[PDB]
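Counting neighbours? That spans all protein chains shown, and the Cβs are built from the backbone with ideal geometry, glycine included. Laboratory data are not the source of any read-out in this text; all were calculated from the coordinates shown.
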RNA sequence: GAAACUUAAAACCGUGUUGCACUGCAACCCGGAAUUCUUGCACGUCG
């Protein structure tokens with residue numbers, strides 16, 4: 001979570017706390033699509049069925065906003 | 001007046017550092033995007 005690459009004609013800013021929910025919602029939506037798919041190989045002949053378990057988020061560097069880490073753990077609760 | 005060289009001999013020479021102090025130095029990601037994937041019954045034949 002940082003400024004990123006702002007571009008030559010823009011005013012740089014940090015992503016709001018509403019935008020971090022929409023990033024984590026697309027991660028767990030893309031991890032539920034992988035449980036129907038097969039992660040490399042033959043796949044259509046029965047290979048590579050995969051499963052996720054115990055997905056949880058932390059804060060490794062720096063503090064968060066407050067009551068935000070627990071609602072990022074709820075987007076990951078449905079895989 | 002006609003007749004007898006202010007001539008002869010003598011180095012503008014001897015000694016002496018264009019020498020002493022001084023960083024081609026400070027700042028800079030060989031970095032950003034990309035599924036070793038697509039098709040395939042361990043099966044057929046019996047005086």
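Structure above, values below:
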| quantity | calculated |
| --- | --- |
| Mean separation of Cα contacts under 8 Å, 6 or more apart, over the residue count of chain A: relative contact order % | 29 |
| Relative packing of A:50-59, A:29-38, which averages over residues the other C-beta atoms within 10 Å, highest first | A:29-38, A:50-59 |
| Cα-based helix-to-principal-axis angle, A:17-32 vs chain A, degrees rounded to 10 | 10 |
| Order of A:27, A:20 - criterion: other Cβ atoms within 10 Å of each residue's Cβ, fewest first | A:27, A:20 |
| Exposure proxy ranking, count of Cβ atoms within 10 Å, fewest first, for A:1, A:61 | A:61, A:1 |
| Estimated 222 nm signal from helices in chain A, with DSSP H stretches of n ≥ 4 weighted -39500 (n - 2.57), rounded to 500 | -7500 deg cm²/dmol |
